[PDB]
Amino acid sequence: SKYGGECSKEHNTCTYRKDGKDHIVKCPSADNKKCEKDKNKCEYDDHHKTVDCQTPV
Ligand SMILES: [Cl-]
Ligand SMILES: [Cl-]
């Protein structure tokens, strides 16, 4: 139910892989969820319906 990707700092987006396709969604604007570092791990959680561009590492 979690789908991983990488984020764009410039666009504040997460590009994640799900069911063979790449999907681009905006990251949150929240301080500790936005894409802070370019190409950082992000995740779309399809169960909780959330995006985080500061996935714990
Ligand atoms: Cl695709
Ligand atoms: Cl969200």
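In this chain, numbering begins with 1 at the start of the sequence shown.
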Under 4.5 Å between side-chain heavy atoms, hopping through other hydrophobics if needed: is there a path connecting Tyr44 to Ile24?
no
So CG of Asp38 and NZ of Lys9: to nearest 0.5 Å the spacing works out to 8.0 Å
With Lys49 as partner, the option from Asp45, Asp46, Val51 fulfilling side chain to side chain contact (heavy atoms under 4.5 Å, CB included) is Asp46
Distance from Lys33 atom NZ to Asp52 atom CG, nearest 0.5 Å?
6.0 Å
Output the distance between atom CD (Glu43) and atom OG1 (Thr50), rounded to the nearest 0.5 Å.
8.5 Å
Using only the SG atoms, establish whether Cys7 and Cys42 come within less than 2.5 Å of one another.
no
Drop me the distance from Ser8's OG to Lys26's NZ, to the nearest 0.5 angstrom.
10.5 Å
What are the two closest non-hydrogen atoms of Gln54 and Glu36, and how far apart are they?
NE2-CB, 3.9 Å
Between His23 and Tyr16, what is the ring plane arrangement, given parallel below 30°, perpendicular above 60°, and tilted in between?
parallel
Spacing of OG1 belonging to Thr13 relative to NZ belonging to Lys34, to within rounding of 0.5 Å
13.0 Å
Looking at NE2 of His48 and NZ of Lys2, how far apart are the two atoms once the value is rounded to the nearest 0.5 Å?
8.0 Å
Considering non-hydrogen atoms only, spot the tightest contact between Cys35 and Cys53 and give its length.
N-CB, 3.6 Å
